[PDB]
Amino acid sequence: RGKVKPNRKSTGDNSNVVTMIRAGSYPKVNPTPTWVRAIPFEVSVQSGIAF
Amino acid sequence: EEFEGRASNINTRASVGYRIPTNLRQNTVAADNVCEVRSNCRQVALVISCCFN
Amino acid sequence: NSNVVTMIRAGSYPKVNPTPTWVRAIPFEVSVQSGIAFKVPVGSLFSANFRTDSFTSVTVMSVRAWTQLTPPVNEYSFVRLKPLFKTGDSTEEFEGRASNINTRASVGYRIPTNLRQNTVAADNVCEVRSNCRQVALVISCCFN
Amino acid sequence: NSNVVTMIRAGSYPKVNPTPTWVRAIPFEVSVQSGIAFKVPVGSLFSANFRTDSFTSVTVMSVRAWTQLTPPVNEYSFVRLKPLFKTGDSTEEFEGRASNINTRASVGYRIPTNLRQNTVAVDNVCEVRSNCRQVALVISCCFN
Amino acid sequence: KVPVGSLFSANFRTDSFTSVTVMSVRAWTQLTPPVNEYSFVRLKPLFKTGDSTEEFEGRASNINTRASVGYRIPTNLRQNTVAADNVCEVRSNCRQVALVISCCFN
Amino acid sequence: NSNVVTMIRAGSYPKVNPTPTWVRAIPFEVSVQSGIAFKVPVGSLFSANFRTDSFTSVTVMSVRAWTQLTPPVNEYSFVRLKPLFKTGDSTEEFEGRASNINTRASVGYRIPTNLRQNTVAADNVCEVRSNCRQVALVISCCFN
Amino acid sequence: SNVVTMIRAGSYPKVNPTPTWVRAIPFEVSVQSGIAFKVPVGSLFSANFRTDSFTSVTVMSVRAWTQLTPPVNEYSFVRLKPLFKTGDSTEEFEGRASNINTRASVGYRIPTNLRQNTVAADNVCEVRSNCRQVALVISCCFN
Amino acid sequence: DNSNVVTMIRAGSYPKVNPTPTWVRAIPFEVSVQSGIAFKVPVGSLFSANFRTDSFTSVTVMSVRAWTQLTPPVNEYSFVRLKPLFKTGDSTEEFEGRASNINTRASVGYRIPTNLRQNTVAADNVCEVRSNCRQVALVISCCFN
Amino acid sequence: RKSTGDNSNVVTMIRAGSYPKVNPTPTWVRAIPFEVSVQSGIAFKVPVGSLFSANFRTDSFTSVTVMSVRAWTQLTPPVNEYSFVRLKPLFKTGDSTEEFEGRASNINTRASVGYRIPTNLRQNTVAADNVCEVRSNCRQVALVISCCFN
RNA sequence: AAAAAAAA
RNA sequence: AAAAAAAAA
RNA sequence: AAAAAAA
RNA sequence: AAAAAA
RNA sequence: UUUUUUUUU
RNA sequence: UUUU
RNA sequence: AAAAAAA
RNA sequence: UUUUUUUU
RNA sequence: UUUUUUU
RNA sequence: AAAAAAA
RNA sequence: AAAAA
RNA sequence: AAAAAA
RNA sequence: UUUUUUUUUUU
RNA sequence: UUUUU
Ligand SMILES: [Cl-]
Ligand SMILES: [Cl-]
Ligand SMILES: [Mg+2]
Ligand SMILES: [Mg+2]
């Protein structure tokens, strides 16, 4: 391989500094994606009629 | 269908739901309706599980 | 599977939240001048074009940058990123250069968990430096 | 293997259908302008150039796009795809950008099984946005 | 054109339903074919999102025997239909066709 | 699968074909005269009623025949098939009879791989002899 | 079983009064010195082979033997050049005799892709030899 | 894959050849039968250009099968009987088959044992055929030589 | 110990027997590369006679069994366009209506595509015959044909 | 199961 | 359910 | 295996 | 099998 | 794995 | 348990 | 790839 | 191994 | 996965 | 051993 | 069990 | 085997 | 990281 | 390897 550019990522899952991300080609993007949600809202009913 | 639930305690809410099968899961715009709600109470709370797209 | 509606034997009313969090990967562009750094504003993430205009704060996790336009004549594209923090800006210049003049230059940096706090629209994400006039950004963040 | 004809001990007249279905990937081009979306019509799939002039309906499964012409000067190619449905058009903008100016920009989306209904010539598949003047489309569908 | 309204009837206990999801449609010739002919029956599925062009045909190998054929509706096309809608077209050399439609009333 | 559209990370433009092949079974009927053989034309396969009017050649793999109408009085139905080729016509008479007067008479033959060349509309498939005046055919072939 | 037994026959089966029959047809041809002779396919259809009821045949392999003695001081040889309607070949499969009193043999096999039918007007192959006659054995499928 | 060109065969000495070999066949042909009368099936019916067998003068019959070719009389069911005949001695068996449906053919057959599988020339008779149908279809598994 | 021998330094004798079966003009499997001129919107029929040439050592053949055809664009495409190429197989028993198309995802990169002929359609073709039609936005296309000369 | 001819 | 067509992402 | 049905 | 990521 | 052709319980 |  | 089954 | 038999 | 009849 | 090719 | 580096 | 540390 | 044909010693 | 039954 080679030698180092010192990004001190301590123990991998426990770094306390910013670490360089070796990015590549521009990915597939979507600024307006989907969203699965559970929407809570109230509706008003009368006694004997449907709504 | 009239999927109905009744509260066994006068102080407790009455609950009931229904699941939509996969063959009937298309899109619905604002002008559309979801379901008809009937109750002896003046207001009903709804929690709708859905996918926004 | 089932072809008709089925009853859901629901119980007590559950814990709800009409305005939940959202983990996203926001793509947007910024203009970059030659020899000048551009402080990427956090407010660029809050927009109706990203469905995030309902938020006021966001937790940035990683930042990635690509060159959006062609470099000057005879040069290879490059891009730099300097992480900015309200508790103290950094001095790293995570630089990425292209090996083909016709190809973009990409680079990024990951924010440590200890430096993942909320940021408002007035704040800035990072400084960007490039020989190209535009930089394509994709920021992995947490809207709350 | 053999070298001459062989007799087939046939039985009752089977179930026949002179006009069956056909799963295809239809390649055709559309003209796109800068900053404006083009609604790709489903009628483009029905033509004698695709052996589908006998079908009146089709079930689209997945749509893929490719920039068919070169991007403007100093820019990289991109292409957006907004899925359209008769029960409700979407707002997604699946976008793919080219990392090389001389290379196409590719993106695509898959229609879920719950949304795979028939579409006639009057209907539209998706909106296509691109900085390139034309876009190549390969639509995996089921003609019926 | 076979109307969906033929499914909502008191003769089937279904006069309380207004919509139905059809799963599979199969048809049998109900009367004898013309002279010198073997029976046949065709079915062209119809949908509100797009009519089809398939002619699922079945023929009888015996002139005294019915001709039968059917088609299955995929899960992605199993939506509701009301009385104003049509299930499919029917073509045959016989003057009546018996249909046994497997559906889900809701 | 899911209930919403998903993004496809498409790559380079694929190798496409707008007019592909199609293997089918084509049901079509022919009229036969008493004591007279009838040559089956290959042009009967190419038709808008079979979605094959876009093809000009076809490779036939097998032929199957049924008596379409009733036989003469006191007789049981029979049908013969003599294969034909442009390199040389055959003399085989693959004959099938009915054991019940009301039942169709059926027979079929298979073409070996070495004899599976293309045939145009001007060519002929086989000869059909029968005491009935109509014979139904279901030919398994490859349109190209 | 030394007596007739009863066969419980069922429905009328599929019949074919004129089947295909696979054969190995032997015949001879006259050859001149230096001249190549085209072997006609029509020789395969003859009452001497029980094949006068056939009009087509699918050839699979051809084998050749010298039928007469070679010229003086020479050893027998024979060459075969395959011929097709889609295009003639230029191969000359040759076999020579290591004994002057012994025949010479050679043969070629027709691959599956080239095993189409041939009528009487066609030709099988070209034959060259120093002997004035050649004996051919053609493994073919009549139909 | 398969070979796509002509390939040389390394043939040797001239082999044993035979231009007029034998042929195991199943010959279909029809015969006309009257009511209450038995029709002797001639062996010469097997030798014809319609069967590619006019070059054979002898044949060794192995088994015979019959089917009624025409409809039976009114209100009756089809039947057919077969009586094996040999030059060394005619049998007296009447292998009969009846149709359980008036619209269906009647069928029956008989197998010849290897000891009785000699040759028969055109002037010989295979069997006798009785039936209430005016025509019978015959399928004879035999070995031509 | 003493059994090492496959590297000969001198001539050795060959104990030959009877005269073998010989063929002075045998077959040959090849991959013939050549180019053709293509016009815009016009289909060019590729002649089989292009295979029989002294430039390929195949000028002695008169027939060939084509197995597969591959095509690459030989010149640059028009301005703003990516290269493409199409192929339509042709047969003496009946021409095909398929147009196997392969485009270029890079304007500077060739466009490639090819098709394989099935065993049932691998017959001989003489010089007067044609292999396939070729369409391309480029003015020249390069071909490589895997074929069996005979 | 079946009289007849056989059969360590 | 032979080919053509998304992929186990 | 889907739907309706008892603890 | 949604949206993010050694 | 799916759409149409052929095989085999 | 009711269906094709 | 030809005769009488294919369980 | 010849003619009648025994749960599709 | 039964086998027996000429290239 | 020598002629397509394949990631 | 024979030879020739 | 650099510089930090249950 | 996997083949069709021209000769070809040796297990 | 090369030369010999
Ligand atoms: Cl300029
Ligand atoms: Cl030495
Ligand atoms: Mg309450
Ligand atoms: Mg009867």
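Residues numbered from 1 in each chain as written, not as in the entry; some residues may be left out. Chains lettered and ligands numbered in written order. Part of a larger assembly, values for the part shown. Heavy atoms only, no water. Residues with missing side-chain atoms left out of burial classes, pairs and counts.

- Going by the PDB entry, chain H carries the name Coat protein and comes from Satellite tobacco mosaic virus.
- For this entry, the PDB title field holds "Crystallographic structure of a cubic crystal of STMV (80.7 degree rotation about 111) grown from chloride".
- Word for word, the UniProt comment on chain H under Subcellular location is "Virion". (UniProt positions renumbered as here; feature names shortened; annotations may be inferred.)

- Under the PDB entry, chain C has the name Coat protein and belongs to Satellite tobacco mosaic virus.
- UniProt's Subcellular location comment on chain C is quoted here verbatim: "Virion".

## Section: the protein's contact with RNA strand K
And step 1. Lining the immediate surroundings of RNA strand K are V23, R24, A25, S62, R64 and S140 of chain D together with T21 and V23 of chain F.
And step 2. Within 4 Å of the protein, the contacting atoms of RNA strand K are drawn from sugar and phosphate to the extent of 88%.
And step 3. One nitrogen or oxygen atom from the side chain of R64 of chain D is found 2.4 Å from a sugar or linking oxygen belonging to RNA strand K.
And step 4. In the environment of RNA strand K, a sugar or linking oxygen lies 3.0 Å from a nitrogen or oxygen atom belonging to the side chain of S140 of chain D.
And step 5. Every element with two or more residues in the surface near RNA strand K is listed here: β2 (22-31) and β4 (58-67) of chain D.
And step 6. With three residues, β2 of chain D is the largest single contributor of residues to the surface near RNA strand K. (Near = heavy atom within 4 Å. Polar contact = N/O pair within 3.5 Å; in protein donor to acceptor, adjacent residues only side chain to side chain. Helix = DSSP H or I, 4+ residues; strand = E, 2+ residues; numbered from the N terminus.)

## Topic: the interface of chain F and chain D
And step 1. Across the contact, 53 residues belong to chain F and 48 residues belong to chain D.
And step 2. Summed over both sides, the interface between chain F and chain D buries roughly 4,100 Å², with carbon and sulfur atoms accounting for 58% of that surface.
And step 3. Together, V5, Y13 and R51 of chain F form the three largest contributors to the area buried by chain F at its contact with chain D, with a combined 19%.
And step 4. For the pair chain F and chain D, the number of links is zero salt bridges.
And step 5. Where chain F meets chain D, there are 22 residue pairs in polar contact.
And step 6. Looking at the side of chain F that touches chain D, the elements that each hand over two or more residues are β1 (6-8), β2 (22-31), β4 (57-67), β7 (106-110) and β10 (134-143) of chain F. (Contact = heavy atoms within 4.5 Å. Buried area = accessible area lost by both parts, 1.4 Å probe. Salt bridge = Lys/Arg side-chain N within 4 Å of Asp/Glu carboxyl O.)

## Some words on the coordination of the magnesium ion (ligand 4)
The textbook angles at a metal center are 109.5 degrees for a tetrahedron of four donors and 90 or 180 degrees for an octahedron of six.
And step 1. Donor atoms from the polypeptide that coordinate the magnesium ion (ligand 4) comprise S78 of chain H (OG) and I102 of chain H (O), at 2.4 to 2.7 Å from the metal. Linking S78 of chain H in the loop between β4 (59-68) and β5 (79-84) with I102 of chain H in the loop between β6 (95-98) and β7 (107-111), this pair joins segments that are 24 residues apart in sequence. (Donors = N, O, S within 2.8 Å, 3.2 Å for Na, K, Ca; no water.)

## A look at the sheet that holds strand β3 (residues 38-41) of chain F
Backbone hydrogen bonds are what pair the strands of a sheet, in a parallel or an antiparallel way.
Residue and element names in this part refer to chain F.
And step 1. Pairing in this open sheet of four strands is antiparallel, and the strands run β3-β9-β5-β6 from one edge to the other. Each end of this open sheet is capped by a strand with a single partner; those strands are β3 and β6 (94-97). Taken pair by pair, the neighbouring strands of this sheet meet at an average axis angle of 25°, ignoring direction.
And step 2. When strand β5 (residues 78-83) meets strand β9 (residues 124-130), the two strands line up antiparallel, connected through five bridges. Bridging from a neighbouring strand, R80 pairs with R129 of β9. (Pairing = 2+ DSSP bridges. Axes fitted to C-alpha atoms, helices over the stretch in contact; angles between N-to-C directions.)

## Digging into the nonpolar core
And step 1. Ranked by internal contacts, the top residues of the largest apolar core, which has 68 residues, are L45 of chain D together with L45 of chain F.
And step 2. Beyond its immediate chain neighbours, meaning those up to four positions away, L45 of chain D contacts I26, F28, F50, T52, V58, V60, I139, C141 and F143 of chain D.
And step 3. Among the nonpolar cores identified, the runner-up in size contains 67 residues, and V57, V62, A104 and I110 of chain G belong to it. (Core = buried A, V, L, I, M, F, W, Y, C linked by side-chain atoms within 4.5 Å. Buried < 20%, exposed > 50% of the residue type's maximum accessible area, 1.4 Å probe, protein only.)

## Points about the interface of chain B and chain D
And step 1. Taken together, the contact between chain B and chain D spans seven residues of the former and nine residues of the latter.
And step 2. Here chain B and chain D share an interface that buries about 630 Å² over both sides, 44% of which is from carbon and sulfur atoms.
And step 3. Summed over the three residues of chain B that lose the most area to chain D, namely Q26, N27 and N53 of chain B, the buried surface amounts to 72% of that side.
And step 4. Summed over the shared surface of chain B and chain D, the result is zero salt bridges.
And step 5. The interface formed by chain B and chain D includes six residue pairs in polar contact.
And step 6. Looking at the side of chain B that touches chain D residue by residue, the class counts come to one nonpolar, five polar and one charged. (Nonpolar A, V, L, I, M, F, W, Y, C, P; charged D, E, K, R; others polar.)

## Some thoughts on the protein's contact with RNA strand S
And step 1. The immediate surroundings of RNA strand S are formed by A31, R70 and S146 of chain I.
And step 2. Here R70 of chain I contributes a side-chain N or O atom positioned 2.8 Å from a sugar or linking oxygen of RNA strand S.

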